Amino acid sequence: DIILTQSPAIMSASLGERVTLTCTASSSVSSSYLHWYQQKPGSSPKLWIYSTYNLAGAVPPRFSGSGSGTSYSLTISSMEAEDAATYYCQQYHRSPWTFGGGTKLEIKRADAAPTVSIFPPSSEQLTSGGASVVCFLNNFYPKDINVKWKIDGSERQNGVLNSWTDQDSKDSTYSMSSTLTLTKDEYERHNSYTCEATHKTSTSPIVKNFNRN
Amino acid sequence: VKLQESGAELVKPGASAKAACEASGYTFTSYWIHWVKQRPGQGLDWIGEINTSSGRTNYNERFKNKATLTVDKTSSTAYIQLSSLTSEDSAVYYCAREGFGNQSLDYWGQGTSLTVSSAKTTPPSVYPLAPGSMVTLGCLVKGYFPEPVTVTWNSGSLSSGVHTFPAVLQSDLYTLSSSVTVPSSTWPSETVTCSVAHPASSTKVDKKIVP
């Protein structure tokens, strides 16, 4: 019951930029018992810093940490691509031992609009009484995006499942998939299907449509 | 050095599991072992600690009655036993060594991916996503269990410009899609084939996208 707060939860930086992550504790922790871990997707966390300042086995010296009481940080002097990852603080001052919720550090790159594509239900799928409409929003930055489905001009929220890729390690864009699942009878009661993507690179939505027949 | 835990474990809801973590390359009794839970997409949550010499435990209250930790010092292996399983217990379970640095966790295992579902193996339906200078095509891979599937395009000779999205649990079954962008003078003249493998049901499915 010592809460570790990592604000902000998500951070962007360019390569070369100085970066600072903060860990804040609800009650004083003794600097000896404060730690940091790095995690990349699909890998285990790794010790990065222990007892506030001590770099761990293999941690390059561009990294430093400091703090005391309720105020801790981890600094990266000059960002490198390798340093994109999620970092957790952790305390051993009183039990139960806890981590903060982590700061995901991603790379800043130039803004980009999603390439949008809509696909009607295939005939194979309709022979099972299912009907999925798919919208791809590909290769965009920054990650924040809104996707709205319209059936004959009216918004639909029921039956929509999304999924996002991890920041692309080569070009630093993101992509998303949006899938609207209806029954076959449901799909055939209506004509117009639209996927509207809203994103900070335009004020008007990117709009993709088809009419079944 | 090392720490070996199984990569995946499938268990029915209501049941129990006993995941094993085998150390090597150090004097096992000199270090405590901690277990940490990581829910898909989420942060880290301490379960508890075990003194490996003596067998004494301390528990995150939250997991009292969910998790039991034990040791066998003769085989150098720590154990966690989760009871009364629900979808809420689906998570990666890491064993970690507590390490002389002021209780900091210096070595981790690769983690055990526990899935709590009633589902039976179920092979996927593969549906072509054909539109109605670049063109985007796709493949919807729906209604399979368990993970993973692998999706390639023309067996791997379409590698660039592919996005294959993470699976989502639609029902108690998984669904996922994959997109490929090619130059428009390539398709429909040259063939584009979604190749989908699901090992668990020993199934491969090849699906070509037709106009």
Side-chain angles (χ1 to χ4, degrees), chain A residues 37-46 85-86 88 99 101-102 104 161 163-166, chain B residues 2-23 33-48 50 60 62-63 66-70 77-97 105 107-124 141 143-151 164-176 196-203:
Chain A
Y37 304 85
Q38 177 201 77
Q39 193 173 31
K40 313 199 162 167
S43 254
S44 298
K46 221 164 284 188
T86 304
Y88 294 93
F99 304 84
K104 183 177 176 227
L161 295 179
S163 175
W164 281 259
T165 62
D166 300 355
Chain B
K2 229 95 253 74
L3 256 22
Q4 232 284 140
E5 358 169 26
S6 23
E9 212 84 313
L10 174 53
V11 186
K12 298 196 172 173
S16 274
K18 187 153 200 204
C21 169
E22 289 141 306
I33 280 174
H34 290 228
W35 289 84
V36 164
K37 188 189 183 199
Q38 187 164 38
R39 303 221 60 213
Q42 294 284 77
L44 304 155
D45 201 19
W46 181 64
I47 299 172
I50 187 163
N60 179 357
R62 153 137 175 68
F63 298 92
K66 186 63 75 191
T68 317
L69 307 180
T70 66
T77 106
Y79 292 104
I80 177 158
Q81 174 167 65
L82 306 169
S83 65
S84 312
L85 289 167
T86 74
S87 24
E88 264 229 27
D89 300 311
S90 295
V92 179
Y93 292 89
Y94 297 103
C95 62
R97 182 186 93 166
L105 302 166
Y107 289 89
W108 291 66
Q110 116 289 34
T112 293
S113 201
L114 175 70
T115 301
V116 186
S117 176
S118 310
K120 285 273 172 46
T121 40
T122 333
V141 177
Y144 64 96
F145 186 81
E147 285 254 58
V149 293
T150 49
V151 184
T164 299
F165 298 87
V168 193
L169 199 80
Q170 192 175 225
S171 133
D172 264 317
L173 295 181
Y174 284 103
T175 292
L176 138 181
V196 172
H198 186 248
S201 64
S202 58
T203 292

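Here is the naming used below: chain letters follow the sequence lines, and residue numbers restart at 1 for every chain. Because only heavy atoms are used, hydrogens play no part in the values below, and waters and symmetry mates are left out as well, while side chains stay in.
From A:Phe99, atom CZ reaches atom CG of B:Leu44 across 5.0 Å, with rounding to the nearest 0.5 Å. Distance check: B:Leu82 CG to B:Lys18 NZ gives 12.0 Å after rounding to the nearest 0.5 Å. For the atom pair A:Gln39 CD and B:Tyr94 OH, the distance stands at 4.5 Å (nearest 0.5 Å). Distance check, rounded to the nearest 0.5 Å: CG of B:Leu69 to SG of B:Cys21 gives 10.5 Å. Rounding to the nearest 0.5 Å gives a distance of 12.0 Å between NZ of B:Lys120 and CG of B:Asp172. Atoms NZ and NZ, on A:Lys104 and A:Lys40 in that order, are 13.0 Å from each other to the nearest 0.5 Å.
Among B:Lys37, B:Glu9, B:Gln38, the single residue meeting the side chain to side chain contact (heavy atoms under 4.5 Å, CB included) criterion with B:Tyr93 is B:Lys37.
Crowding of B:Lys2 atom NZ: a count of heavy atoms from other residues, nucleotides or ligands under 6.0 Å not exceeding 12. Residue-environment remark: NZ (B:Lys66) exceeds the threshold of 12 foreign heavy atoms within 6.0 Å. For B:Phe63, the CZ atom sits in a packed shell: over 12 heavy atoms of surrounding residues, nucleotides or ligands are nearer than 6.0 Å.
Considering all non-hydrogen atoms of both residues, B:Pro123 and B:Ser201 come closest at CB-OG, 3.4 Å. Shown here for B:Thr77 and B:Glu22, the closest heavy-atom pair between the two residues is CG2-CG, 3.4 Å. B:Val196 and B:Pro124 make their closest contact through CG1-CG, 4.4 Å (heavy atoms, listed as atom of the first residue, atom of the second, distance). Of all the heavy atoms in A:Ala85 and A:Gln38, the pair that sits closest is CB-CG, 3.6 Å. Considering all non-hydrogen atoms of both residues, B:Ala91 and B:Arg39 come closest at CB-CA, 4.0 Å. Nearest heavy-atom pair, B:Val92 versus B:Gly111, reported as atom, atom and distance to 0.1 Å: CG1-CA, 3.9 Å.
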### side-chain contact (heavy atoms from CB on, under 4.5 Å) between A:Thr165 and B:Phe165, worked out
CA-CA 6 Å; A:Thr165 62; B:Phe165 298 87; 3.6 Å; yes

### Task
Take B:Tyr79 and B:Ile50 through the side-chain contact (heavy atoms from CB on, under 4.5 Å) test and state the conclusion after the steps.
CA-CA 10 Å; B:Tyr79 292 104; B:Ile50 187 163; over 6 Å; no

### Query
Can B:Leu3 and B:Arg97 be said to form a side-chain contact (heavy atoms from CB on, under 4.5 Å), step by step?
CA-CA 8 Å; B:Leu3 256 22; B:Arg97 182 186 93 166; 4.2 Å; yes

### Message
Walk me through whether B:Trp108 and A:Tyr37 qualify under ring pair (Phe, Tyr, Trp, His ring centres under 6.0 Å).
### Response
CA-CA 11 Å; B:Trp108 291 66; A:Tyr37 304 85; 5.8 Å; yes

### Pair B:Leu176-B:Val151, side-chain contact (heavy atoms from CB on, under 4.5 Å): steps then yes or no
CA-CA 10 Å; B:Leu176 138 181; B:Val151 184; 4.1 Å; yes

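Using a 4.5 Å heavy-atom threshold, the side chains of B:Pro13 and B:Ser118 count as touching.
Note: B:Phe145 and B:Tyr174 have parallel aromatic rings, judged against thresholds of 30 and 60 degrees for the angle between ring planes.
One N or O on the side chain of B:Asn60 and one on the backbone of B:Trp46 form a donor-acceptor pair closer than 3.5 Å. Proximity of a side-chain donor or acceptor of A:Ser163 to a complementary backbone N or O of B:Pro166 within less than 3.5 Å is detected. Not one N or O on the side chain of B:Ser6 forms a donor-acceptor pair closer than 3.5 Å with the backbone of B:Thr112.
Judged by distance alone, the side chains of B:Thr115 and B:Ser117 never bring a donor and an acceptor atom under 3.5 Å apart.
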